[PDB]
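Undergrad: For now just these chains, pulled out of the complex without moving them:
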Amino acid sequence: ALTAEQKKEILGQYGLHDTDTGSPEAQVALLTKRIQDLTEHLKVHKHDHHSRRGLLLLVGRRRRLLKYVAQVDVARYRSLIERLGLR
Amino acid sequence: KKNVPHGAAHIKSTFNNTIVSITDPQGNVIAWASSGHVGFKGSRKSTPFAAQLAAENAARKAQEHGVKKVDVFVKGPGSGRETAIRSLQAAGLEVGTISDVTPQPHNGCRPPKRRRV
Amino acid sequence: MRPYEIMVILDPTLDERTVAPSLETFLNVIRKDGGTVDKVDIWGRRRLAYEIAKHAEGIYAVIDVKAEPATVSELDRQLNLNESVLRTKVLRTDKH
Amino acid sequence: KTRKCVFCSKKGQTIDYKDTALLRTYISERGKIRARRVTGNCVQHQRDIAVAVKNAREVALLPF
């Protein structure tokens, strides 16, 4: 899962500032890295069929926050988009 | 011949019959007596009277090989458990100990399905 | 790295004196690979509840290692290639 | 029985698989397992004891 230390350093890296866990970019980074983690757990547990639901739920939450990022300010949206290399 | 001081009443107590195999402590059935051995077949093989008859015949063979002290090793449930027990008691083989030697597949193999008559 | 409380059952044939050097001669690789502090608690000459491999008594060994899962996995692979060992049990001290 | 537990109420005690004597106090003659509510103890202790008894039966220290 999102280890308590890797999520914290990620929040420091891409978060808007310190202690601002839950900011849209912050959650995007956290869930993005969690998704990257599960990417290979599924590729070795080829028949897990049970963590994929959490995969999809977190993906949907990431997009549901991405839209809020874009609507408030497209600039930060693009910034994070090319920061994480999404699409 | 030979003499067996202590025997074991390995009673294959099927509902079909109680095959009373007396076994030396080595683990060899020195002799056995079932319902058919006395002469009971079919339903009479499964009658309670066949149980004491088989046990008594086995115990007579036991005395014939000088067997007096026997511990009772009864297998699965059948017709005449305690009946064969006190037959052996009254036929020269005191009870000693009673042990239900029944197989226990602890949720293991698959048997046939069932019967409805 | 995780704290693994490895339980080993050892032959009744050998002597208790040889029980331990055979134990550090296999814990050496664990220590050299994971840097694992080991607490070797050995108490032999105890019966088994059921006879195993035509034997119902043996030697009980408790070893508290702080080793990564890979290292204790290597140990289990080695804790069964030996004739003296009888049963191995590596436990995750976590809520697992 | 009928207490809060012998652990959740006595508020000091522990369960170990190596402590085969303490576990044996709850097992049957052959090692059969009491129901979830036979011994009157808080449920988590019952479940952990059950798993420990499974492991003990596997490791051949209790009458299986």
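TA: On my side now, so go ahead. Numbering: from 1, shown residues only, chains lettered A, B, ... in the order given.
Undergrad: Contact residues of chain C facing chain D?
TA: Contact residues, chain C versus chain D (Cβ under 8 Å from any Cβ of the partner chain): C:7, C:9, C:46, C:48, C:49, C:50, C:52, C:62, C:87, C:89. C-beta coordinates here come from the backbone N, C-alpha and C atoms, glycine included.
Undergrad: tell me the phi and psi of the fourth one?
TA: Backbone geometry at residue C:48, expressed as degrees, to the nearest 10, gives phi -90, psi 150.
Undergrad: ok, now the last one?
TA: Note on residue C:89: backbone dihedrals following degrees, to the nearest 10 are phi -150, psi 110.
Undergrad: Mark which of the residues of chain C next to chain D are part of strands, please.
TA: C:7, C:9, C:46, C:62, C:87, C:89 (DSSP state E).
Undergrad: What about the first one, how many residues nearby?
TA: Residues near residue C:7, counting by other Cβ atoms under 10 Å in any protein chain shown, number 19.
Undergrad: contacting residues around the residue nearest to it when sequence neighbours are not counted?
TA: The shortest distance from residue C:7 to any non-neighbouring residue, by Cβ to Cβ, 6 or more residues apart in numbering or on different chains, is to residue C:89 (4.2 Å). Residue C:89 makes contacts with C:6, C:7, C:8, D:55, D:58, D:59, as judged by Cβ atoms under 8 Å, 6 or more residues apart in numbering or on different chains.
Undergrad: tell me the contacts of the third one?
TA: If you count contacts by Cβ under 8 Å, 6+ apart, residue C:8 has them with C:60, C:61, C:63, C:79, C:85, C:86, C:87, C:88, C:89.
Undergrad: Excluding chain neighbours, what is closest to it?
TA: Excluding its sequence neighbours, the residue lying closest to residue C:8 (Cβ to Cβ, 6+ apart) is residue C:61, at 4.2 Å.
Undergrad: what about the one you found, distance to residue C:12?
TA: Look at residue C:61 and residue C:12: by Cβ to Cβ, to the nearest Å, they are 13 Å apart.
Undergrad: tack on RNA strand E:
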RNA sequence: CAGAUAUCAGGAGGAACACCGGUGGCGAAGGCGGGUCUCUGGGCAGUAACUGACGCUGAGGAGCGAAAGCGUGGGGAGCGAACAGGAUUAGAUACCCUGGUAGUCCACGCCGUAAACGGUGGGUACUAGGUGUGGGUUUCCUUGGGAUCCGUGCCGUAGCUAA
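TA: Now RNA strand E, sitting on the chains shown earlier:
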């Protein structure tokens, strides 16, 4: 009858995990239970630390999805369809016995239907209680008791239902 049954010992096989095993939990639902290890799923609880309405539903569409069945290669100890004899019977093809092939298990696939039902769609704000009951935390006696939030039963208010 050759040594069958049996008894002991041994080996082989294949499958499943009795007891724990239950309004008790978990899981979106089909489902989950021998033990170990690894990865991973989600929930609940106390601090707002933070984001600052990022809410819900959701046609199309998406996958998952009981069992069976078929494709591909194995397994098969047992069971066992189909198919075999014997038995009641007027008839057995049926109930019963005497066996066993695919299947049943595994691997990779197919399909998508089950009475796949709280027969009660998802989500949210209000309406007496009482009592079992899982997880938590707190608060009040000296563990004892209370509160709270979440899971899970039954009975019973209002009110509702044709009942």
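Undergrad: since we added RNA strand E, can you redo the neighbour count of residue C:7?
TA: If we define neighbours as other Cβ under 10 Å, then residue C:7 has 19 of them.
Undergrad: What residues does it make contact with?
TA: C:60, C:61, C:62, C:63, C:87, C:88, C:89, C:90, C:91, D:59 are the contacts of residue C:7 under Cβ under 8 Å, 6+ apart.
Undergrad: Output the longest helix belonging to chain B.
TA: helix B:48-64 (DSSP state H).
Undergrad: do the same with chain C
TA: In chain C, taking DSSP H as the definition, the longest helix is helix C:21-34.
Undergrad: wait, does it contact RNA strand E?
TA: No. Helix C:21-34 stays clear of RNA strand E (Cβ under 7 Å from any atom of the strand), getting no nearer than 13.1 Å.
Undergrad: Could you give me the buried positions within that helix?
TA: C:23, C:26, C:27, C:30, C:34 (16 or more other Cβ atoms under 10 Å in any protein chain shown).
Undergrad: Need the max-distance pair from these.
TA: The most widely separated members of the buried residues of helix C:21-34, counting by Cβ to Cβ, are C:23 and C:34 (16.3 Å).
Undergrad: Find the closest residue to chain C in chain D.
TA: Closest residue of chain D to chain C, Cβ to the nearest Cβ: residue D:60 (3.9 Å).
Undergrad: ok, now how distant is that residue from residue D:53?
TA: Taken as Cβ to Cβ, the span from residue D:60 to residue D:53 is 13 Å.
Undergrad: just residue D:9 next, same as before
TA: Residue D:9 is 22 Å from residue D:53, by Cβ to Cβ.
Undergrad: higher neighbour count, the two?
TA: Between residue D:9 and residue D:53, counted using other Cβ under 10 Å, residue D:53 has the larger neighbour count: 22 against 12.
Undergrad: Now chain A against chain D: closest residue?
TA: For chain A, Cβ to the nearest Cβ, closest residue to chain D: residue A:50, 22.3 Å.
Undergrad: that older thread, out of the buried residues of helix C:21-34, the closest to RNA strand E would be?
TA: Nearest to RNA strand E, judged by Cβ to the nearest atom of the strand, of the buried residues of helix C:21-34 is residue C:34 at 13.1 Å.
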